[PDB]
Amino acid sequence: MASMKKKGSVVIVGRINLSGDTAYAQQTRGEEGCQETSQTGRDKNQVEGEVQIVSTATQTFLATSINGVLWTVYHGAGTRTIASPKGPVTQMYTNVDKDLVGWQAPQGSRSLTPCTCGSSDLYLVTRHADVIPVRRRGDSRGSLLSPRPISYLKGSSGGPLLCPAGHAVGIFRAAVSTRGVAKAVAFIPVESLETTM
Ligand SMILES: [Zn+2]
């Protein structure tokens, strides 16, 4: 039992900047710093914004702050801690049945407001700062107005679906594809987050 390894923390490595007129990705930590922070769980970098780019040793994806919780997908984070200025922080929400986890939102982040608009005209934010129009098609599904290869959506699980007013409608979970083309997306609705809380 002496030689058993511990899994590393999820690390914030950047963010999707939605502040101004143009959305763009920003990197805040390179691979070497990410690997070290994952092992120690100590991340002293200042955190800003609503959508974080996160990484483990083996995967990279997104995490989104809604209502003071940084939310992401279980298939990316598993049960891992997240790195913080004072060490690894345990998940406050874990739900494998929803493909959902969450931690307390980091100091300095900004939280999205849960949408109460009832609008079906949505916008998916990807890790490459693409803002993709999506028509809501059900409680947990939306169709892309312009389909595209699934490669463009890989790595964007945990990102937000937003309403026209910039409220959070859901967390991107899975892509619905035909012959490698993404025609629709599946997401965790914000109401399911609000219930989990
Ligand atoms: Zn709204």
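All residue numbers refer to positions in the sequence shown, counting from 1. For ligands, and for the atoms within them, numbers begin at 1 and follow the listed sequence.
Taking 4.5 Å as the limit, some side-chain heavy atom of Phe172 sits within range of a side-chain heavy atom of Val185. By the 4.5 Å heavy-atom criterion applied to side chains, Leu153 and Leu124 are counted as neighbours.
Legend: side-chain hydrogen bond (donor to acceptor under 3.5 Å, both in side chains) pairs involving residues 184-193, not counting sequence neighbours, sorted by first then second residue: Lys98-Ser192.
A 6.0 Å sphere centred on OH of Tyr93 holds more than 12 heavy atoms belonging to other residues, nucleotides or ligands.
Of all protein N/O/S atoms, those under 2.8 Å from the Zn ion (ligand 1) are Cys115 SG, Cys117 SG, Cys163 SG, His167 ND1, and waters are not counted.
At a cut-off of 3.5 Å, with distance as the only test, no side-chain donor of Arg80 or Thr56 sits close to an acceptor on the other residue. In this structure, a donor-acceptor pair under 3.5 Å is present between the side chains of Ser19 and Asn17.
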